[PDB]
C-alpha cells in the first residue's frame, strides 16, 4: 500500500532536488561572472573598480541577510543542524519559507564571493523539497514524513558535488542516531540519490570536480606520517569548533538581534570578501578554485601560513554571522593548505621516502572534516569522489582515525550536533514567555 507510494515519491524528490542543486550551482556561477563583467567598465582605474566591487558584493549580502532575518531565521548558517533536528522531530520544516530564502539568499551570499559553500544550502533545500512533495501529495504516516526528509537531504548532497556513494553514507554514517533504518527507508534513499545524480550528469561533464591530476600512490614505509597528520588535525578540530561558536556569540554583541544592524554588518562582511576576491584571491571565495593551485605546490611555505591565518578569519566571519551558506567547502581549503604545508616539510625531512606534498593535501581535506564534523567515512568518500584519487583510500582512513581519536580525547564534539544543541537550548530558555 503506502510502501510503494514512498519508493515512487523518492524518485520525484530525487529529480526535483537534482534540478534545484544544478539551478543553485549555475545561478551562483552566473552572478560571479556578471560581477567580473560589470567591472570591465573600470578596466584601468583600479581604485573605482575595487569600490564598486565592494558595494556590489555588499548589496547581494544585505539582500541575503535580509531574507533570512525577515522571512526564515532557520535558513541562516549551514542547514545541516536544522535537517538533523527535523530527522529527530525536534525542528520544523517550513519549506514555504526556507526554499525561497535559502535559494535566493544563498545566490546573493555565495554569488558575492563570500567564504561559504553549497553543501549546507542544497542539503537543507533537498530536505525541504522532500517535505514539500509529502505535503503536496498529502502522504500520511510518521514513516513517510521521516523517510522523504532523509532521501531529500542525501539527494541534495549527491547532486551538489556529483557524489552518490557519499549521499548514501551521509544517512547511514553521519545521521546514524537520527535515521530510522528500515528495508523501505534505505531503498528510498538510494532512489533519491540515483535520480539527483542523473540530474547533475545531464548538465555537467562527468569528471574530477576538483581537477588535481593523478597523484602518486602512498608506499608502506610512508603510511605512518598520515597518522601524525591526523593527530595534528585531531587537536586543531575542536579548537576551530570552539572559535565558530565563540564567533557567533561575539558577532551577536555587534547587532544585538536587531534586523537593521544585522543586515549592515552582513554588507561589510559581504563587501570585504568581494574586495578580497580582487586584491588577494586565495583569502576569499568558497575555496574550490584555490585547492588545485595549492595542491600543485605553487605557494611558498610562508604564503601557505598567510592564506591559513587569513582564511580562518574570513571563514569564521562569514559563517558565524549567520549568512545562508555552509562551512564544508571553506574547511576543505583550510585542510588542503595545512596538509600541503605538512607535505612540504615531510618531503625535505625524508628525501629517502619518495614523497609528494599533494597526497597530504588530499588527506588534509578528509582530516579537518573528521576532526570537526566527526563523520569520517562520509568526508573521506566525498573527497575521493571530487578528486578521483581512489589509490589514497588507506592513507585517508589512517588520517581520519588519527583525527577522530584526538578530537574525542581533547573534548571536541560534532560541529553540527553542537549548533543544534545550542538552537534547542535557546528555544527551551525562551519559554520564559510561559513565566
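Positions refer to the first chain, counted from 1.
> If you average the CA temperature factors as listed in the entry, which stretch comes out higher, 310 to 318 or 351 to 359?
Going by the record's values, the stretch with the higher mean is 351 to 359.
> On mean Cα temperature factor in this entry, is 182 to 190 or 287 to 295 the higher one?
Per the PDB entry, the higher value belongs to 287 to 295.
> Take the CA temperature factors straight from the PDB entry and tell me which of 170, 95, 328, 137 peaks.
If I rank 170, 95, 328, 137 by C-alpha B-factor, first place goes to 137.
> By the recorded C-alpha temperature factor, relative to the other modelled residues in its chain, which third is residue 249 in?
It falls in the middle third of the chain.
> C-alpha B factor of residue 35, ranked within the chain: lowest, middle or highest third?
For residue 35, whose C-alpha B-factor we compare with every modelled residue in the chain, the answer is the highest third.
> So where's residue 51 on the chain's Cα temperature factor ranking, which third?
Within its chain, residue 51 is a highest-third residue by C-alpha B-factor, going by the deposited values.
> Is the Cα B-factor recorded for residue 340 in the lowest, middle or highest third of its chain?
Middle third, going by the recorded CA B-factors of the chain.
> Within this chain's modelled residues, let me know which third the CA B factor of residue 107 belongs to: lowest, middle or highest.
Answer is highest: the recorded C-alpha B-factor places it there.
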